[PDB]
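Q:
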Amino acid sequence: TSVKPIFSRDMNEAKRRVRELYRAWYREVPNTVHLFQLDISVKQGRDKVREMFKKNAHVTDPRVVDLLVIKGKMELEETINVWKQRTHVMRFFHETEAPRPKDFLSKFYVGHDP
Amino acid sequence: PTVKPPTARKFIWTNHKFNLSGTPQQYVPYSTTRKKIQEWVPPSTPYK
Amino acid sequence: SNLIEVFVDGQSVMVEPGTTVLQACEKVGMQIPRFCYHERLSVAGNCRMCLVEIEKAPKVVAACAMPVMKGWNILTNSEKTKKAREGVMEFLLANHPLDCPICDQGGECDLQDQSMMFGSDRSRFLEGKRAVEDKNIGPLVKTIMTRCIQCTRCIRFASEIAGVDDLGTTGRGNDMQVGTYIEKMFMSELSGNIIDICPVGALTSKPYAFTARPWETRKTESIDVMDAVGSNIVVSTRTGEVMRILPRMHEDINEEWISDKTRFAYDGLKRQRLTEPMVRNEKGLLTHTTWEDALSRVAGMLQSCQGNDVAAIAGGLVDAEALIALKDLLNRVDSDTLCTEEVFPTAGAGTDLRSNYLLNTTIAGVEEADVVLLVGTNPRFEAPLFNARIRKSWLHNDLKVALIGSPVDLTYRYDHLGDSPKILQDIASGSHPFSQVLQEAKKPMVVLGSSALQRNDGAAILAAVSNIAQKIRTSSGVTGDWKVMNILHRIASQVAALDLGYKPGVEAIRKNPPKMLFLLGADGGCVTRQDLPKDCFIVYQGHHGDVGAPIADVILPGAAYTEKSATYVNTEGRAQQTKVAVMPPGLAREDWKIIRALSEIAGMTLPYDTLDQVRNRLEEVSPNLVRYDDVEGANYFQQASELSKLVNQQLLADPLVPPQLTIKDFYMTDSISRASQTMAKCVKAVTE
Amino acid sequence: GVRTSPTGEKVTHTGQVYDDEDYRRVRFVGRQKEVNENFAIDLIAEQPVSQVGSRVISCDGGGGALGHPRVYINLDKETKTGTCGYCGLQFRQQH
Amino acid sequence: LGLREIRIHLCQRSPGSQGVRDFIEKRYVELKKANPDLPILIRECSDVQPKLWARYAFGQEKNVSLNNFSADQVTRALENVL
Amino acid sequence: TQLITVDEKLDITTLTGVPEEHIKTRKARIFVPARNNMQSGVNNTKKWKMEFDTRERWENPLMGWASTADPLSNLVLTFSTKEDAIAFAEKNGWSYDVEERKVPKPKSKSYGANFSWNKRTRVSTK
Amino acid sequence: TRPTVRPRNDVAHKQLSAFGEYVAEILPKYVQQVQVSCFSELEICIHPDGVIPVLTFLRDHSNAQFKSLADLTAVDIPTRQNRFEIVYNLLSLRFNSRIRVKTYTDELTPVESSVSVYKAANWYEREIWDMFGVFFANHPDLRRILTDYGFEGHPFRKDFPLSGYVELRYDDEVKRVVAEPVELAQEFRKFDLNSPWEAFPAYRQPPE
Ligand code: SF4
Ligand code: SF4
Ligand code: FES
Ligand SMILES: [Zn+2]
């Protein structure tokens, strides 16, 4: 099963590229929140960014992690340019609840949700 | 159209009710459909 | 040896002898445009669309009746084959009216599809087009005989699988009215199957008649209810709702077959359903309210009560998932009593022992039986598809079928033995020539109905039938594994409740009085508020309750079989899950969702929240119920019958008669079929 | 030409009149529910049943190729007058 | 508290399950005569680990695996349950 | 060229941006569509249709339509083998159910069987 | 078939047959199928490692000029281990002929950036990356064109549904445009339309 790679040799170089990407996102926040005339503190946005990094935490193939690094690189280039607008950055946040919980009783009052 | 106007069918108006959006007399949409599922009738008598 | 060569379009293949051209073409992947052939009926070479050119032949032969001789070369797509098909299609579209908008088979015609993909396009026949006066075959089947192309398919249908013989050809030439001369209502069981047999829009549905069109509706997988057989049913649903149902094919059971009550049974499913939970009011009036007040009242009462006062009767069409959830909450609180509407005896360990309480054989495997007797029931009005299978067996190969209890209108020249259990045991045991046919036959089958199960002597009659099966089991060395013995049922949830370890019959409530009980679909009067103390607190969780629901204290709006992913068992032990097609009107949540929410609110919990975890606990309780779509053959019949000698009581000489005996008793025995005015129309039609 | 609700509203030719526990009534407030005044069932019974003393007849419906296609209906039952599925207007034979 | 229900999980081919088939040939009518009050039950699906479970004491379920065991050991496990 | 490759399964739901709610919530169904029995044509076989479960469809209060908040409601995926069907259902992360294909059973018919001498198989009408 | 039937050029049939046999015999390393359609356009079905060599060959070599680039498309076909189809289309100025280079590809293993031999393939590659996800290594600029930047999911897959997961509206609460989950006011009534009965017997695939 000789399958071509993308960039790396195992998950270790993938961890190196994603921690470089996380460093770039971490020092890329304050210019964005200063520029876009936003509404949310710096640490809250940084916490949701690192939460997004925590979200995909069970991926083991090197090609998929490399491709997520490429996706984050594309999105970081677009945010460090002013190509995106206020709507997109607020669209990364989810403030428009929908507070729909996993409570089975609350799943029962508004239901049909297996 | 005074050469031959008419038609010999008895449903055609003679008022010709003109455009009326922004009046107290204007069209509304609704459903031309009767009862959907016919909810259960509870009986009126008591058991004690 | 048993192989004959054909060059279907120059492609060689081996074919079994005796078969014909069309089966070989379906063996190689071809079709042939056909009308009067059908894969469940006799072959009658009438349609003429099925033609095909064989080389070295001046004529063009029909591909239905021609036997496969050695070494053919079949030209399915030759020149004069296509010429003949264009000709015969141009003949068929002369006497057929222009009803393509108003017809009922717009996307589902056969003339239209074959006239595109094989017919001509420019027509002829400037003047003519005869017209035929329609009949009124019955208030369930709309009938316009002008669209009839005289393809002679319903006639063979009736004369074989219905046996009724009310539809015949009248006339000659162009004038051949196909129908009944005497204007009699063609009414029997499986009469609903004739509107799908009719390959054109001539014999069609009456309640569906001008309500939909096939391309808008979407198909949905489902499993039949109201019968212990479970024909495979596809619901043509439309717009969060329905339109109608259709049968579809399982190999073991119900190949292109459905009950007529089943076919026309969706009206009462949509007629007067329950919508919201309902709580009584101190005026005495069952008002409706939100889930909060109702579930709080139920949870407070259930937490404030224990003992042997917790009863649950589950009858009619209920899940297995809801039964698992109710049983689990039931054993969370303290203890048990659970009953169904119907009664099964527990003497020779009948609740366990997979042998006795279901149909042991294969329903397709009854074709290989030789001598069958039938102790009290009526299979024409208890799972009529099984009766159609019996008649199909008797028509193809040899049978000898006797009936014990009442001479009914089974339509296939049956033997009748009389009405006493002493007659059946003594005649079939000691000395009788029909009993000699039993002893010196090869593959016999005794079918026990659930109708004679209702009396108190059911343990004794069960013991007698097990004695007959045990005597033939010790006789003749045949065949093991195979068996004379099988029984039938009426409700699938009865079989599921027998599987999950419940008490059949209301006897545990008859002895021990409860003080809190849950009715899951108790239609009939098993228990009332007079066979029970005055402070009842019954909770009816159901749908379109009209008998049983005004009795109730707390109404819960349960779901329906088209509204939840069930897991049902046939009469021979096959787990068939349903698929959700319609979301229910009203609040009306799922049943196991209601029970696990009740466990959430009352002071307990359950270690499962989703239907996959419900399937995990169902896998805990019974392993076969999650392994779908498959048969399960148990053993230990002699062990069951030697367990049966614990209780050996009287076989009273009352003449046992099946109450399943007439047309109204077929049509009205459910809340669903009782509600639908379609069934009321055909009840007053058949009676008056 | 029409009938009227107990609340005092124009009903339609289809029986879709309302409760007193609704809200489509409150979107009908102040704005006229424009029902069709002339119904459809009423015009048919006013028509004279066209009687031809033939056996099997044709129908076009108001001009050749302007209307429903040709339908050939039967007149062999006598108490059951043959109705065109398109026209709606009945026929009787004569003898 | 007391016993409520006993469940048996079997197949057609496994050596311990074959031991349970021998146990259920020889010592089930004896087991049923022992208690006509306990609803023990026997199940097969097509093939499964031949389990023996017992639910009692307000829903507490207990497992024994009767894989690769003989019939007298199954009798011993039945005595362990009852 | 005998490069890096690991031998693991695929978890493409990290790439296709789909909500995890609609991943873990729904459950696919893989089946051969049964023939629409009012017609008689078996060309509608020879496929492997993947659908999803049907879900909530209320009514538009203003018109009487059918509205739904279900984005994966009206898909169908036509496949040609059950092997790659189940492979794809594993590959794109969602759970799945597998029904099984049921063939038309071959039979034994003849016009001569319809016209026997002593056997009760007799059409008696044609 | 003398009226109303489109005639076909059997001269071009034989010429494209001979040319396809020529190319297939002279590059045995990557050529897997050469098929001639009945309506006479050449199709060459290609392993995804001779992308750059075969395109350097087809742009040049002077027996086949083929400067003009048409579409690059990707057609999403499941039930295949290699799903997607990168379809180059080439047109010769001097010769008036069209060849469809159908090279295959999977979900993840890339192909190799035809912009180094074909400048017109640049934005085609950017578009096919944004809409499908066929990765394009050794390429300068892979960004998003024909989507929103807050949008993702590669919506031209068959796996992505018709209506997208997001839906915009305006609200005065946060004084801006927000993106909610999809709430259709009408069903998009899907029509089962594929009738049976085998409209083309020449294209009968064999059974199992
Ligand atoms: S009524 Fe229908 S099935 Fe019967 S002969 Fe006519 S077309 Fe055939
Ligand atoms: S049966 Fe077929 S051909 Fe006849 S009117 Fe109906 S759709 Fe048309
Ligand atoms: S099937 Fe051969 S004649 Fe109709
Ligand atoms: Zn007319």
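Protein chains in written order, with this note's numbering: chain D, 1 to 114; chain H, 115 to 162; chain F, 163 to 850; chain V, 851 to 945; chain U, 946 to 1027; chain B, 1028 to 1153; chain X, 1154 to 1361.
For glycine and all other residues, C-beta sits at the position ideal for the given N, C-alpha and C.
Grab the span of the alpha helix (DSSP H) containing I323(F) for me, first residue to last.
A: Neither: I323(F) is in no alpha helix (DSSP H) and is coded neither H nor E.
Q: Can you name, in chain order, every residue of its own chain whose Cβ lies under 8 Å from the Cβ of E167(F), other than the five neighbours on each side?
A: So the list reads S174, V175, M176, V177, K232, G233 and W234, once near-sequence residues are dropped.
Q: In chain order, which continuous runs of the beta strand (DSSP E) of length 3 or greater are located wholly inside the segment 589-648 of chain F?
A: If we require 3 residues or more, the beta strand (DSSP E) runs fully inside the segment 589-648 of chain F come out as 606-610.
Q: Using a C-beta cutoff of 8 Å, does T159(H) count as contacting chain V?
A: So no, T159(H) is outside the interface.
Q: Would you kindly work out how many angstroms separate the C-alpha atoms of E413(F) and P1133(B), rounded to a whole number?
A: For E413(F) and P1133(B), the distance between alpha carbons rounds to 11 Å.
Q: Suppose the cutoff is 7 Å on Cβ atoms and the five residues either side in sequence are ignored; what does the same chain contact list for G1120(B) look like?
A: So the qualifying residues of the chain are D1038, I1039, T1040 and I1050.
Q: List the residues of chain B that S145(H) touches, going by C-beta distances under 7 Å, in chain order.
A: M1090 and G1091, listed in chain order.
Q: Under 9 Å Cβ-Cβ, which residues of chain X neighbour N1070(B)?
A: Under the 9 Å cutoff, chain X gives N1347, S1348, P1349, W1350, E1351 and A1352.
Q: Taking only the alpha-carbon atoms, compute the straight-line gap between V1026(U) and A999(U) and give it to the nearest angstrom.
A: Near 7 Å, if we compare the C-alpha coordinates of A999(U) and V1026(U).
Q: Near ligand 4, which residues have their beta-carbon less than 6 Å from any of its heavy atoms, given in chain order?
A: Per the Cβ criterion, the list is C909(V), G911(V), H918(V), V921(V), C934(V), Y936(V) and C937(V).
Q: Under 7 Å from any heavy atom of ligand 3, by CB: list those residues in chain order, please.
A: Going along the chain, the residues that qualify are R196(F), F197(F), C198(F), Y199(F), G207(F), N208(F), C209(F), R210(F), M211(F), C212(F), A224(F), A225(F), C226(F) and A227(F).
Q: For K368(F), which residues from the same chain have a beta carbon less than 7 Å from its beta carbon, with the 5 sequence-adjacent residues on both sides left out?
A: Result list for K368(F): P301, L302, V303 and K304, in chain order.
Q: Provide the residue span of the alpha helix (DSSP H) that contains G72(D), from first to last.
A: Run containing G72(D): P62 to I80, per the alpha helix (DSSP H) assignment.
Q: Sort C271(F), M349(F) and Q267(F) by Cα distance to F197(F) and report the nearest one.
A: Of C271(F), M349(F) and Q267(F), the residue nearest in Cα terms is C271(F).
Q: Tell me, please, which residues DSSP counts as bridged to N924(V).
A: In the DSSP output, where bridge partners are listed per residue, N924(V) has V906(V).
Q: I need the straight-line Cα distance from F125(H) to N888(V), nearest angstrom please.
A: Computed Cα separation, rounded: 7 Å.
Q: When we look at the beta-carbon of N394(F) and count the other beta-carbons within 10 Å, is it buried (16 or more) or exposed?
A: So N394(F) counts as buried.
Q: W556(F) by DSSP, collapsed to three states: which one?
A: Helix, per DSSP.
Q: Whose Cβ in chain F lies nearer than 8 Å to the Cβ of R874(V)?
A: Ordered by position in chain F, no residue passes the 8 Å Cβ test against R874(V), which lies about 18 Å from the chain.
Q: Using a C-beta to C-beta distance shorter than 9 Å, which residues of chain D count as neighbours of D389(F)?
A: Per Cβ cutoff of 9 Å: no residues; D389(F) is ~28 Å from chain D at best.
Q: Would the C-beta of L1346(X) count as close to ligand 2, meaning under 7 Å from any of its heavy atoms?
A: Every heavy atom of ligand 2 is 7 Å or more from the Cβ of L1346(X), so no.
Q: Tell me the DSSP secondary structure of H1166(X) in three-state form.
A: The answer is helix: DSSP assigns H1166(X) an H, G or I state.
Q: Suppose you measure from the CA of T1258(X) to the CA of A1227(X); what does that come to, to the nearest Å?
A: Distance between the alpha carbons of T1258(X) and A1227(X) is about 9 Å.
Q: Identify whether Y343(F) lies in helix, strand or coil by the three-state DSSP scheme.
A: Three-state DSSP puts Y343(F) in coil, outside helix and strand.
Q: Short of 6 Å in beta carbon distance, which residues of its chain neighbour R553(F), apart from the five on each side in sequence? Order them along the chain.
A: Once the five neighbours on either side are set aside, the close Cβ partners of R553(F) are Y574.
Q: Assign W83(D) to one of two classes, buried (16 or more other C-beta atoms within 10 Å of its C-beta) or exposed (fewer than that).
A: Exposed, since its Cβ has fewer than 16 Cβ neighbours within 10 Å.
Q: Report yes if the C-beta distance between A837(F) and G430(F) is below 8 Å; otherwise report no.
A: Result yes, Cβ atoms of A837(F) and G430(F) sit closer than 8 Å.
Q: With 7 Å as the limit, tell me which residues of the segment 912-944 of chain V have their beta carbon closer than that to any beta carbon of chain H; keep them in chain order.
A: Listed by position, the residues of the segment 912-944 of chain V near chain H (Cβ gap below 7 Å) amount to none.
Q: Using beta-carbon positions only, say whether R1084(B) and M745(F) come within less than 8 Å of one another.
A: Yes, these two residues count as a Cβ contact at 8 Å.
Q: With a threshold of 7 Å, establish whether the CB of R309(F) neighbours any heavy atom of ligand 2.
A: Yes.
Q: Can you list, in chain order, the residues of its chain with a C-beta nearer than 6 Å to that of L1195(X)? Leave out the 5 residues immediately preceding and following it.
A: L1169, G1173 and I1252.
Q: Can you have a look at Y1323(X) and say buried or exposed, based on whether 16 or more other CB atoms are within 10 angstroms of its CB?
A: Per the 10 Å Cβ criterion, exposed.
Q: Tell me which residues share the same chain as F1106(B) and place their Cβ nearer than 6 Å to its Cβ, disregarding the 5 neighbours each side in the sequence.
A: Same-chain partners within the cutoff: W1075 and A1112.
Q: Could you give the distance in angstroms between the alpha-carbon of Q1358(X) and the alpha-carbon of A57(D)?
A: Whole-angstrom Cα-Cα distance: 45 Å.
Q: Closer than 8 Å is the cut-off here; do at least three beta carbon pairs connect the segment 531-545 of chain F with the segment 604-624 of chain F?
A: Yes: at least three Cβ pairs fall under 8 Å.
Q: Under the three-state reduction of DSSP, which class applies to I1252(X): helix, strand or coil?
A: It is a strand residue.
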